[PDB]
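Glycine gets a Cβ as well: all are built from the backbone with ideal geometry, and neighbour counts include every protein chain shown. Just so it is clear, none of the values below were taken in a lab; they were calculated from the coordinates.
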């Protein structure tokens, strides 16, 4: 119904370490990384450029394991 995922709040350049300003929470389909995980995502690097509005998927974050 409303499992919310992490969505890019701005273009996140390749290899950027994620900061709080970059991540918003939205109910999107397909479902991505749960919005509850935004704390854990801080400081983790993205392995591809992530355009504004894209859902962050598990495979996009180096070192992400849930």
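Quick one: is residue 43 assigned to a loop (DSSP other than H, G, I, E, B) and within 11 Å of the chain's Cα centre (by Cα)?
No.
Looking only at segment 28-40, which residues are under 9 Å from the mean Cα position of the chain (by Cα) and farther than 14 Å from residue 65 by Cα?
Answer for segment 28-40, where residues must be under 9 Å from the mean Cα position of the chain (by Cα) and farther than 14 Å from residue 65 by Cα: just 35.
Considering each residue of segment 21-31, count those that are in contact with a strand residue (DSSP E or B) (Cβ under 6 Å, 6 or more places away or on another chain) and closer than 16 Å to residue 1 by Cβ, and give that number.
3
Return yes or no: is residue 43 in contact (Cβ under 8 Å) with a residue 40 or more places away in the chain and at positive phi?
No, not satisfied.
What do you reckon, is residue 7 surrounded by 14 or more Cβ atoms within 10 Å (Cβ to Cβ) and over 10 Å from the mean Cα position of the chain (by Cα)?
no
If I ask for residues that are assigned to a strand (DSSP E or B) and out of contact with any helix residue (DSSP H, G or I) (no Cβ under 9 Å at 6 or more places or on another chain), which ones from segment 1-38 would you list?
Hits for segment 1-38 are 17, 34.
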